[PDB]
file protein_4.cif (mmCIF, N, CA and C atoms)
data_final
loop_
_atom_site.label_atom_id
_atom_site.label_comp_id
_atom_site.auth_asym_id
_atom_site.auth_seq_id
_atom_site.Cartn_x
_atom_site.Cartn_y
_atom_site.Cartn_z
N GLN A 294 0.82 -1.20 0.00
CA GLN A 294 0.00 0.00 0.00
C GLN A 294 0.86 1.26 0.00
N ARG A 295 2.00 1.22 0.69
CA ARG A 295 2.90 2.37 0.69
C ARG A 295 3.40 2.66 -0.72
N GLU A 296 3.75 1.62 -1.47
CA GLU A 296 4.32 1.79 -2.80
C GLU A 296 3.28 1.81 -3.90
N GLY A 297 2.01 1.60 -3.58
CA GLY A 297 0.96 1.65 -4.58
C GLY A 297 1.07 0.57 -5.64
N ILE A 298 1.43 -0.65 -5.25
CA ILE A 298 1.56 -1.76 -6.18
C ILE A 298 0.52 -2.82 -5.81
N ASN A 299 -0.66 -2.36 -5.39
CA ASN A 299 -1.70 -3.27 -4.90
C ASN A 299 -2.02 -4.38 -5.89
N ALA A 300 -1.95 -4.09 -7.19
CA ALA A 300 -2.22 -5.07 -8.23
C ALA A 300 -0.92 -5.45 -8.92
N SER A 301 -0.59 -6.74 -8.92
CA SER A 301 0.63 -7.24 -9.54
C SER A 301 0.55 -8.76 -9.58
N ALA A 302 1.62 -9.37 -10.10
CA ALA A 302 1.77 -10.82 -10.14
C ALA A 302 2.76 -11.34 -9.11
N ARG A 303 3.86 -10.63 -8.90
CA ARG A 303 4.86 -11.00 -7.91
C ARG A 303 5.22 -9.77 -7.09
N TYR A 304 5.61 -10.00 -5.84
CA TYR A 304 5.99 -8.92 -4.94
C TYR A 304 7.18 -9.36 -4.10
N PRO A 305 8.39 -9.02 -4.53
CA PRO A 305 9.56 -9.27 -3.69
C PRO A 305 9.51 -8.42 -2.43
N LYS A 306 10.10 -8.93 -1.36
CA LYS A 306 10.12 -8.21 -0.09
C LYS A 306 11.26 -8.73 0.77
N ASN A 307 12.10 -7.81 1.24
CA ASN A 307 13.15 -8.12 2.19
C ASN A 307 13.15 -7.08 3.29
N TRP A 308 13.43 -7.54 4.51
CA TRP A 308 13.51 -6.65 5.66
C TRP A 308 14.33 -7.33 6.73
N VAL A 309 14.84 -6.53 7.66
CA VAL A 309 15.66 -7.02 8.76
C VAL A 309 14.96 -6.69 10.07
N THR A 310 14.95 -7.66 10.99
CA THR A 310 14.31 -7.49 12.28
C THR A 310 15.26 -6.80 13.25
N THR A 311 14.69 -6.03 14.17
CA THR A 311 15.46 -5.31 15.17
C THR A 311 15.83 -6.25 16.32
N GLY A 312 16.34 -5.68 17.41
CA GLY A 312 16.75 -6.48 18.55
C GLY A 312 18.15 -7.03 18.38
N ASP A 313 18.56 -7.83 19.36
CA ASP A 313 19.88 -8.45 19.36
C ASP A 313 20.09 -9.36 18.14
N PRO A 314 19.14 -10.24 17.76
CA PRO A 314 19.36 -11.08 16.57
C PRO A 314 19.20 -10.27 15.30
N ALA A 315 20.28 -10.17 14.53
CA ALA A 315 20.25 -9.50 13.23
C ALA A 315 19.58 -10.45 12.24
N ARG A 316 18.26 -10.56 12.37
CA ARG A 316 17.46 -11.49 11.60
C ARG A 316 16.79 -10.75 10.45
N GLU A 317 17.01 -11.23 9.23
CA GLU A 317 16.42 -10.64 8.04
C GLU A 317 15.86 -11.75 7.16
N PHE A 318 14.86 -11.39 6.36
CA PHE A 318 14.08 -12.36 5.61
C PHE A 318 14.07 -12.01 4.13
N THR A 319 13.55 -12.95 3.35
CA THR A 319 13.16 -12.72 1.97
C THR A 319 11.75 -13.26 1.78
N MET A 320 10.96 -12.56 0.98
CA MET A 320 9.54 -12.90 0.89
C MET A 320 8.97 -12.45 -0.45
N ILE A 321 8.17 -13.32 -1.06
CA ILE A 321 7.43 -13.01 -2.27
C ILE A 321 5.98 -13.42 -2.05
N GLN A 322 5.05 -12.53 -2.39
CA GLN A 322 3.63 -12.79 -2.26
C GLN A 322 2.98 -12.84 -3.63
N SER A 323 1.92 -13.64 -3.74
CA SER A 323 1.12 -13.68 -4.96
C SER A 323 -0.25 -14.25 -4.62
N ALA A 324 -1.21 -13.96 -5.49
CA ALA A 324 -2.57 -14.48 -5.38
C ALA A 324 -3.02 -14.94 -6.76
N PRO A 325 -2.51 -16.08 -7.23
CA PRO A 325 -2.85 -16.54 -8.58
C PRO A 325 -4.15 -17.33 -8.58
N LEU A 326 -5.05 -16.98 -9.50
CA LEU A 326 -6.34 -17.64 -9.65
C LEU A 326 -6.50 -18.08 -11.11
N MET A 327 -5.46 -18.74 -11.62
CA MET A 327 -5.42 -19.24 -13.00
C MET A 327 -6.72 -19.95 -13.37
N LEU A 328 -7.39 -19.46 -14.41
CA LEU A 328 -8.73 -19.94 -14.74
C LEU A 328 -8.84 -20.13 -16.25
N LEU A 329 -10.04 -20.47 -16.69
CA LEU A 329 -10.33 -20.67 -18.11
C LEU A 329 -11.76 -20.24 -18.37
N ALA A 330 -11.98 -19.65 -19.54
CA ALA A 330 -13.31 -19.14 -19.88
C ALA A 330 -14.28 -20.28 -20.13
N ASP A 331 -13.86 -21.29 -20.89
CA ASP A 331 -14.73 -22.40 -21.23
C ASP A 331 -14.30 -23.64 -20.46
N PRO A 332 -15.02 -24.03 -19.40
CA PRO A 332 -14.69 -25.28 -18.72
C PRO A 332 -14.92 -26.51 -19.58
N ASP A 333 -15.84 -26.44 -20.55
CA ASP A 333 -16.20 -27.60 -21.35
C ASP A 333 -15.44 -27.69 -22.66
N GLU A 334 -14.63 -26.69 -23.00
CA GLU A 334 -13.85 -26.77 -24.23
C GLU A 334 -12.87 -27.93 -24.19
N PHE A 335 -12.18 -28.11 -23.08
CA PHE A 335 -11.25 -29.21 -22.94
C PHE A 335 -11.99 -30.47 -22.54
N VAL A 336 -11.61 -31.59 -23.14
CA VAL A 336 -12.18 -32.90 -22.82
C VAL A 336 -11.05 -33.76 -22.29
N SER A 337 -11.10 -34.09 -21.00
CA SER A 337 -10.08 -34.89 -20.35
C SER A 337 -10.60 -36.31 -20.17
N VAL A 338 -9.79 -37.29 -20.54
CA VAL A 338 -10.17 -38.69 -20.43
C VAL A 338 -9.05 -39.45 -19.73
N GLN A 339 -9.43 -40.28 -18.76
CA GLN A 339 -8.51 -41.19 -18.10
C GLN A 339 -8.48 -42.50 -18.87
N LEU A 340 -7.34 -42.79 -19.49
CA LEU A 340 -7.23 -43.98 -20.31
C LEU A 340 -7.02 -45.22 -19.43
N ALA A 341 -7.29 -46.38 -20.01
CA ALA A 341 -7.14 -47.64 -19.30
C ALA A 341 -6.88 -48.78 -20.28
N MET H 3 -23.09 -4.97 -1.13
CA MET H 3 -23.17 -3.69 -0.44
C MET H 3 -21.80 -3.03 -0.40
N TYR H 4 -20.76 -3.84 -0.19
CA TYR H 4 -19.38 -3.37 -0.26
C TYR H 4 -18.47 -4.39 -0.93
N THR H 5 -19.03 -5.39 -1.61
CA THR H 5 -18.25 -6.49 -2.17
C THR H 5 -17.44 -6.08 -3.39
N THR H 6 -17.86 -5.02 -4.09
CA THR H 6 -17.21 -4.48 -5.29
C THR H 6 -16.69 -5.60 -6.20
N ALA H 7 -17.63 -6.42 -6.67
CA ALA H 7 -17.30 -7.50 -7.57
C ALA H 7 -16.84 -6.96 -8.93
N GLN H 8 -16.01 -7.75 -9.60
CA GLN H 8 -15.54 -7.42 -10.94
C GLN H 8 -15.91 -8.56 -11.88
N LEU H 9 -16.38 -8.21 -13.07
CA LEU H 9 -16.84 -9.20 -14.04
C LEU H 9 -15.76 -9.44 -15.09
N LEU H 10 -15.48 -10.70 -15.35
CA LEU H 10 -14.59 -11.11 -16.42
C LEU H 10 -15.41 -11.59 -17.61
N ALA H 11 -14.74 -12.12 -18.62
CA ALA H 11 -15.42 -12.57 -19.83
C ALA H 11 -16.35 -13.74 -19.51
N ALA H 12 -17.41 -13.85 -20.30
CA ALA H 12 -18.43 -14.88 -20.11
C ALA H 12 -18.42 -15.85 -21.28
N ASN H 13 -18.45 -17.14 -20.96
CA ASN H 13 -18.50 -18.17 -21.98
C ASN H 13 -19.83 -18.09 -22.73
N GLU H 14 -19.79 -18.49 -24.00
CA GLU H 14 -20.93 -18.33 -24.89
C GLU H 14 -21.74 -19.60 -25.10
N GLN H 15 -21.09 -20.76 -25.15
CA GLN H 15 -21.77 -22.04 -25.36
C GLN H 15 -22.55 -22.04 -26.68
N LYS H 16 -21.81 -21.92 -27.77
CA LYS H 16 -22.42 -21.93 -29.09
C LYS H 16 -22.97 -23.31 -29.42
N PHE H 17 -24.16 -23.34 -30.02
CA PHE H 17 -24.77 -24.60 -30.42
C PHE H 17 -24.14 -25.13 -31.69
N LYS H 18 -24.20 -26.46 -31.85
CA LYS H 18 -23.63 -27.14 -33.01
C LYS H 18 -24.71 -27.25 -34.09
N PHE H 19 -24.46 -26.64 -35.24
CA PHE H 19 -25.50 -26.53 -36.26
C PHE H 19 -24.87 -26.25 -37.62
N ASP H 20 -25.25 -27.05 -38.62
CA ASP H 20 -24.77 -26.87 -39.99
C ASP H 20 -25.71 -27.61 -40.94
N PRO H 21 -26.30 -26.92 -41.93
CA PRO H 21 -27.29 -27.56 -42.80
C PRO H 21 -26.79 -28.76 -43.59
N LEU H 22 -25.81 -28.53 -44.46
CA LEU H 22 -25.24 -29.52 -45.38
C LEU H 22 -26.26 -29.95 -46.43
N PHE H 23 -27.51 -29.52 -46.29
CA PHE H 23 -28.56 -29.94 -47.21
C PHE H 23 -29.14 -28.78 -47.99
N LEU H 24 -29.62 -27.75 -47.29
CA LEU H 24 -30.15 -26.58 -47.98
C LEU H 24 -29.08 -25.91 -48.83
N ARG H 25 -27.85 -25.89 -48.35
CA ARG H 25 -26.74 -25.32 -49.10
C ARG H 25 -26.18 -26.28 -50.14
N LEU H 26 -26.68 -27.50 -50.21
CA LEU H 26 -26.10 -28.48 -51.12
C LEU H 26 -27.10 -29.13 -52.05
N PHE H 27 -28.33 -29.35 -51.60
CA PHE H 27 -29.30 -30.10 -52.39
C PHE H 27 -30.54 -29.30 -52.75
N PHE H 28 -30.73 -28.12 -52.18
CA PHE H 28 -31.98 -27.37 -52.29
C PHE H 28 -31.70 -25.94 -52.72
N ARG H 29 -30.95 -25.80 -53.82
CA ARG H 29 -30.54 -24.48 -54.27
C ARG H 29 -31.74 -23.60 -54.61
N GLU H 30 -32.75 -24.16 -55.26
CA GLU H 30 -33.90 -23.37 -55.68
C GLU H 30 -34.94 -23.26 -54.57
N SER H 31 -35.44 -22.05 -54.35
CA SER H 31 -36.46 -21.77 -53.34
C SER H 31 -37.62 -21.07 -54.02
N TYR H 32 -38.83 -21.61 -53.83
CA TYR H 32 -40.02 -21.08 -54.48
C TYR H 32 -41.09 -20.75 -53.45
N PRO H 33 -41.60 -19.53 -53.42
CA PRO H 33 -42.73 -19.20 -52.54
C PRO H 33 -44.06 -19.42 -53.25
N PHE H 34 -45.12 -19.47 -52.44
CA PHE H 34 -46.45 -19.78 -52.92
C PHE H 34 -47.35 -18.56 -52.85
N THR H 35 -48.17 -18.39 -53.88
CA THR H 35 -49.38 -17.59 -53.78
C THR H 35 -50.62 -18.45 -53.69
N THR H 36 -50.58 -19.65 -54.26
CA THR H 36 -51.69 -20.58 -54.23
C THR H 36 -51.72 -21.31 -52.89
N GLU H 37 -52.71 -22.20 -52.75
CA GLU H 37 -52.87 -23.02 -51.56
C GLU H 37 -52.35 -24.44 -51.73
N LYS H 38 -51.89 -24.81 -52.92
CA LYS H 38 -51.39 -26.14 -53.21
C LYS H 38 -50.33 -26.05 -54.30
N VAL H 39 -49.51 -27.10 -54.39
CA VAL H 39 -48.51 -27.21 -55.45
C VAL H 39 -48.48 -28.64 -55.95
N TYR H 40 -48.47 -28.80 -57.27
CA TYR H 40 -48.37 -30.10 -57.91
C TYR H 40 -46.93 -30.37 -58.34
N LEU H 41 -46.59 -31.65 -58.46
CA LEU H 41 -45.31 -32.09 -58.99
C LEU H 41 -45.57 -33.12 -60.09
N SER H 42 -44.81 -33.02 -61.17
CA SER H 42 -45.00 -33.88 -62.33
C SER H 42 -43.75 -34.70 -62.60
N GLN H 43 -43.93 -36.01 -62.73
CA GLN H 43 -42.90 -36.92 -63.19
C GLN H 43 -43.36 -37.53 -64.51
N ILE H 44 -42.51 -37.48 -65.52
CA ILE H 44 -42.86 -37.94 -66.86
C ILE H 44 -42.16 -39.27 -67.11
N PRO H 45 -42.87 -40.39 -67.12
CA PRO H 45 -42.23 -41.69 -67.35
C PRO H 45 -41.95 -41.91 -68.83
N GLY H 46 -40.66 -41.92 -69.18
CA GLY H 46 -40.30 -42.13 -70.57
C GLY H 46 -39.59 -43.44 -70.83
N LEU H 47 -40.30 -44.37 -71.46
CA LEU H 47 -39.74 -45.66 -71.87
C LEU H 47 -40.16 -45.87 -73.33
N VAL H 48 -39.37 -45.32 -74.25
CA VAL H 48 -39.70 -45.40 -75.66
C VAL H 48 -39.35 -46.79 -76.18
N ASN H 49 -40.32 -47.44 -76.81
CA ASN H 49 -40.14 -48.80 -77.29
C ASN H 49 -39.50 -48.77 -78.68
N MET Y 215 -34.60 -23.92 -63.11
CA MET Y 215 -33.29 -23.90 -62.50
C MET Y 215 -33.22 -22.83 -61.42
N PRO Y 216 -32.40 -23.03 -60.38
CA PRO Y 216 -32.43 -22.11 -59.23
C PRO Y 216 -32.01 -20.70 -59.61
N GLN Y 217 -32.65 -19.73 -58.96
CA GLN Y 217 -32.29 -18.32 -59.09
C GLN Y 217 -31.31 -18.00 -57.97
N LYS Y 218 -30.05 -17.77 -58.32
CA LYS Y 218 -28.99 -17.57 -57.35
C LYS Y 218 -28.59 -16.10 -57.30
N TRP Y 219 -28.40 -15.59 -56.10
CA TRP Y 219 -28.03 -14.20 -55.89
C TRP Y 219 -26.52 -14.05 -55.78
N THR Y 220 -26.06 -12.82 -55.99
CA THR Y 220 -24.66 -12.47 -55.82
C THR Y 220 -24.58 -11.02 -55.36
N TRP Y 221 -23.71 -10.76 -54.38
CA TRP Y 221 -23.58 -9.43 -53.81
C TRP Y 221 -22.45 -8.68 -54.49
N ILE Y 222 -22.74 -7.46 -54.95
CA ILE Y 222 -21.79 -6.64 -55.67
C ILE Y 222 -21.70 -5.26 -55.02
N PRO Y 223 -20.51 -4.77 -54.71
CA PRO Y 223 -20.38 -3.39 -54.22
C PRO Y 223 -20.59 -2.38 -55.33
N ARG Y 224 -20.96 -1.17 -54.94
CA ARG Y 224 -21.18 -0.11 -55.92
C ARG Y 224 -19.86 0.41 -56.48
N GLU Y 225 -18.85 0.56 -55.63
CA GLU Y 225 -17.54 1.04 -56.05
C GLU Y 225 -16.46 0.06 -55.61
N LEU Y 226 -15.36 0.06 -56.36
CA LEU Y 226 -14.18 -0.70 -55.98
C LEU Y 226 -13.45 0.00 -54.84
N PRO Y 227 -12.59 -0.73 -54.12
CA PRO Y 227 -11.78 -0.07 -53.09
C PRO Y 227 -10.93 1.07 -53.63
N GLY Y 228 -10.52 0.99 -54.89
CA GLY Y 228 -9.76 2.06 -55.52
C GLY Y 228 -10.58 3.21 -56.05
N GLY Y 229 -11.90 3.16 -55.92
CA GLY Y 229 -12.76 4.23 -56.36
C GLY Y 229 -13.49 3.99 -57.66
N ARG Y 230 -13.15 2.93 -58.40
CA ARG Y 230 -13.87 2.63 -59.63
C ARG Y 230 -15.29 2.18 -59.30
N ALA Y 231 -16.27 2.83 -59.92
CA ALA Y 231 -17.67 2.52 -59.67
C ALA Y 231 -18.00 1.18 -60.32
N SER Y 232 -18.22 0.16 -59.50
CA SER Y 232 -18.52 -1.16 -60.04
C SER Y 232 -19.94 -1.24 -60.57
N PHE Y 233 -20.90 -0.65 -59.86
CA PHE Y 233 -22.32 -0.80 -60.18
C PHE Y 233 -22.98 0.58 -60.18
N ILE Y 234 -23.21 1.12 -61.37
CA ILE Y 234 -23.84 2.42 -61.51
C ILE Y 234 -25.35 2.27 -61.39
N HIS Y 235 -25.94 3.04 -60.49
CA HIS Y 235 -27.39 3.08 -60.29
C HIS Y 235 -27.84 4.51 -60.53
N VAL Y 236 -28.81 4.69 -61.43
CA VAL Y 236 -29.31 6.02 -61.78
C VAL Y 236 -30.82 6.01 -61.71
N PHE Y 237 -31.38 6.94 -60.95
CA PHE Y 237 -32.83 7.11 -60.85
C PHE Y 237 -33.10 8.49 -60.26
N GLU Y 238 -34.38 8.84 -60.20
CA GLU Y 238 -34.82 10.14 -59.68
C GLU Y 238 -35.69 9.92 -58.45
N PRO Y 239 -35.14 10.03 -57.25
CA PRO Y 239 -35.97 9.93 -56.05
C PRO Y 239 -36.90 11.12 -55.91
N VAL Y 240 -38.02 10.89 -55.22
CA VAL Y 240 -39.01 11.92 -55.01
C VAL Y 240 -39.05 12.41 -53.56
N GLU Y 241 -38.59 11.61 -52.60
CA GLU Y 241 -38.62 12.02 -51.21
C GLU Y 241 -37.46 11.36 -50.49
N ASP Y 242 -37.10 11.93 -49.34
CA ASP Y 242 -35.94 11.45 -48.60
C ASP Y 242 -36.14 10.02 -48.13
N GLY Y 243 -35.11 9.20 -48.32
CA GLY Y 243 -35.14 7.81 -47.91
C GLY Y 243 -35.55 6.83 -48.99
N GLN Y 244 -35.99 7.31 -50.15
CA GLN Y 244 -36.36 6.40 -51.23
C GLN Y 244 -35.14 5.60 -51.69
N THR Y 245 -35.35 4.31 -51.91
CA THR Y 245 -34.28 3.43 -52.35
C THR Y 245 -34.43 2.96 -53.78
N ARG Y 246 -35.66 2.78 -54.26
CA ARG Y 246 -35.91 2.28 -55.60
C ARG Y 246 -36.75 3.29 -56.38
N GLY Y 247 -36.39 3.49 -57.65
CA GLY Y 247 -37.17 4.37 -58.49
C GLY Y 247 -38.50 3.74 -58.88
N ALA Y 248 -39.48 4.61 -59.13
CA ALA Y 248 -40.83 4.19 -59.49
C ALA Y 248 -41.13 4.64 -60.91
N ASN Y 249 -41.62 3.73 -61.73
CA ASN Y 249 -42.02 4.09 -63.08
C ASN Y 249 -43.19 5.07 -63.04
N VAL Y 250 -43.18 6.01 -63.98
CA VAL Y 250 -44.19 7.05 -64.02
C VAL Y 250 -45.58 6.50 -64.30
N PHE Y 251 -45.68 5.26 -64.77
CA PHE Y 251 -46.95 4.69 -65.20
C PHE Y 251 -47.84 4.27 -64.05
N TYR Y 252 -47.38 4.40 -62.80
CA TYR Y 252 -48.16 3.91 -61.67
C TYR Y 252 -49.52 4.59 -61.58
N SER Y 253 -49.56 5.91 -61.79
CA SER Y 253 -50.80 6.64 -61.62
C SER Y 253 -51.81 6.38 -62.74
N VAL Y 254 -51.43 5.67 -63.80
CA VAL Y 254 -52.29 5.54 -64.97
C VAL Y 254 -52.46 4.09 -65.37
N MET Y 255 -51.98 3.17 -64.53
CA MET Y 255 -52.08 1.75 -64.85
C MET Y 255 -53.52 1.33 -65.09
N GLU Y 256 -54.40 1.66 -64.15
CA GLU Y 256 -55.79 1.24 -64.27
C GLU Y 256 -56.48 1.91 -65.45
N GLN Y 257 -56.17 3.18 -65.70
CA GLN Y 257 -56.78 3.85 -66.85
C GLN Y 257 -56.37 3.17 -68.14
N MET Y 258 -55.09 2.85 -68.29
CA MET Y 258 -54.63 2.19 -69.51
C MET Y 258 -55.27 0.82 -69.66
N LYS Y 259 -55.29 0.04 -68.58
CA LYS Y 259 -55.85 -1.31 -68.64
C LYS Y 259 -57.33 -1.26 -69.01
N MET Y 260 -58.09 -0.39 -68.34
CA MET Y 260 -59.51 -0.32 -68.60
C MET Y 260 -59.83 0.26 -69.96
N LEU Y 261 -59.02 1.18 -70.48
CA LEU Y 261 -59.26 1.66 -71.83
C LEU Y 261 -58.94 0.59 -72.87
N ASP Y 262 -57.92 -0.23 -72.62
CA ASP Y 262 -57.67 -1.37 -73.50
C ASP Y 262 -58.87 -2.30 -73.51
N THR Y 263 -59.39 -2.62 -72.33
CA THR Y 263 -60.59 -3.45 -72.26
C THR Y 263 -61.75 -2.78 -72.97
N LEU Y 264 -61.85 -1.45 -72.87
CA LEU Y 264 -62.94 -0.73 -73.50
C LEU Y 264 -62.86 -0.84 -75.02
N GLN Y 265 -61.67 -0.63 -75.58
CA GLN Y 265 -61.55 -0.73 -77.03
C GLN Y 265 -61.82 -2.15 -77.49
N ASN Y 266 -61.37 -3.14 -76.72
CA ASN Y 266 -61.63 -4.53 -77.09
C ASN Y 266 -63.13 -4.83 -77.10
N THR Y 267 -63.83 -4.46 -76.03
CA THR Y 267 -65.25 -4.77 -75.96
C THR Y 267 -66.04 -3.95 -76.98
#

call {"tool": "encode", "arguments": {"input": "protein_4.cif", "output": "structure tokens"}}
result
Amino acid sequence: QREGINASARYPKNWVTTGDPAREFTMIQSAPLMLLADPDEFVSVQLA
Amino acid sequence: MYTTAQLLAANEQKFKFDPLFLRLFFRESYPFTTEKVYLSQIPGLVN
Amino acid sequence: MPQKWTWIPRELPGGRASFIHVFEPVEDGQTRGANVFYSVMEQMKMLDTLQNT
């Protein structure tokens, strides 16, 4: 929200925690909802 | 009320349909003014 | 035998007039010209019948 990148595909993020332990992280967030317009266009068959 | 939904594309589901007959066997189209139509077949077997 | 239609543009993409149409419209929106004989069709037909009888 600070950087105004509310809409995206990937979001890198790194930060370091305070206190005695010099602890820092790496982080990527995403919300993928990969979909298809026609559910019936594809015909899937389990062979035997 | 506050859901602010967004609409994506909608599937169409087109029906399966193709004459193969009117475009192939029925080229001529005739409308009627009368109430009936006759058809004539001429049997030709010349001896 | 079947009567088959064909669609023809009035002008070519290059501007050559493919299909010349000439007539005299009488009011806005008219698409087809009308022969002048419309107002006298019945008079002509009935006078022909008159001379015959």

call {"tool": "resolve_selection", "arguments": {"input": "protein_4.cif", "expression": "the PyMOL selection byres ((chain A) within 8 of (chain H))", "output": "ChimeraX atom specification"}}
result
/A:329-332

call {"tool": "select_by_dssp", "arguments": {"input": "protein_4.cif", "residues": "chain A", "states": "strand (DSSP E)", "output": "PyMOL selection string"}}
result
chain A and resi 304-309+317-322

call {"tool": "atom_distance", "arguments": {"input": "protein_4.cif", "atom1": "atom CA of residue A:321", "atom2": "atom CA of residue A:304"}}
result
5.1 Å

call {"tool": "interface_residues", "arguments": {"input": "protein_4.cif", "of": "chain H", "to": "chain Y", "cutoff": "12 Å", "atoms": "only C-alpha atoms", "output": "ChimeraX atom specification"}}
result
/H:25,27-32

call {"tool": "atom_distance", "arguments": {"input": "protein_4.cif", "atom1": "atom CA of residue A:303", "atom2": "atom CA of residue A:323"}}
result
5.5 Å

call {"tool": "residues_around", "arguments": {"input": "protein_4.cif", "residues": "residue A:301", "least_positions_apart": "6", "cutoff": "10 Å", "atoms": "only C-alpha atoms", "output": "PyMOL selection string"}}
result
chain A and resi 322-325

call {"tool": "atom_distance", "arguments": {"input": "protein_4.cif", "atom1": "atom CA of residue Y:239", "atom2": "atom N of residue Y:251"}}
result
13.9 Å

call {"tool": "select_by_dssp", "arguments": {"input": "protein_4.cif", "residues": "chain Y", "states": "alpha helix (DSSP H)", "output": "list in words"}}
result
residues 255, 256, 257, 258, 259, 260, 261, 262, 263, 264, 265 and 266 of chain Y

call {"tool": "resolve_selection", "arguments": {"input": "protein_4.cif", "expression": "the PyMOL selection byres ((chain Y and resi 237) around 8)", "output": "PyMOL selection string"}}
result
chain Y and resi 234-236+238-240+246-248
